[PDB]
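Student: Chains as they are written, first to last, in the authors' numbering: chain A, -2 to 45; chain B, -2 to 44.
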Ligand SMILES: [Zn+2]
Ligand SMILES: [Zn+2]
Ligand SMILES: [Zn+2]
Ligand SMILES: [Zn+2]
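#1: Exposed or buried, which one is residue 28 of chain A when buried takes at least 16 other CB atoms within 10 Å?
#2: Just to confirm, is the Cβ distance from residue 40 of chain B to residue 26 of chain B under 7 Å?
#3: Whose C-beta lies closer than 7 Å to the C-beta of residue 33 of chain A among residues of the same chain, with five residues either side of it excluded?
#4: Within 7 Å of any Cβ in chain A, is that where the Cβ of residue 36 of chain B sits?
#5: In angstroms, rounded to a whole number, what distance separates the CA positions of residue 10 of chain B and residue 0 of chain A?
#6: With respect to 6 Å, is the separation between the Cβ of residue 38 of chain B and the closest non-hydrogen atom of ligand 4 below this value?
See the structure below:
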């Protein structure tokens, strides 16, 4: 969604929260999955 | 012409081009690595 409405990652300030970590049960960002703390996790797109 | 903006992924329109596929040697987006055609590749942040 639009900037100003879409929550941004605390770790990656320029990345929208755009995925869901199924392993951790938290929404998070794709950079956290590629390079960060959710690298080992099962994740899914939030969508849209 | 306009001032700068951040290039966005063709496949993932809401995603910034924010990584570099070291394998394919091309800039791409993190969603292409997570779920897309670069899932198999080694990548790094443009940062
Ligand atoms: Zn993140
Ligand atoms: Zn996780
Ligand atoms: Zn992409
Ligand atoms: Zn690649």
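In this text, a Cβ means the ideal position worked out from N, Cα and C, and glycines have one as well.
Tutor: Taking the structure as given:
#1: Buried is the call here.
#2: It is not a contact, given that the beta carbons lie outside the stated cut-off.
#3: Listed in chain order, the non-local C-beta contacts of residue 33 of chain A below 7 Å within the same chain comprise 8, local neighbours out to five positions each way being set aside.
#4: So, not an interface residue.
#5: A straight-line Cα-Cα distance of about 14 Å links residue 10 of chain B and residue 0 of chain A.
#6: Checking every heavy atom of ligand 4 against the Cβ of residue 38 of chain B, one is found closer than 6 Å.
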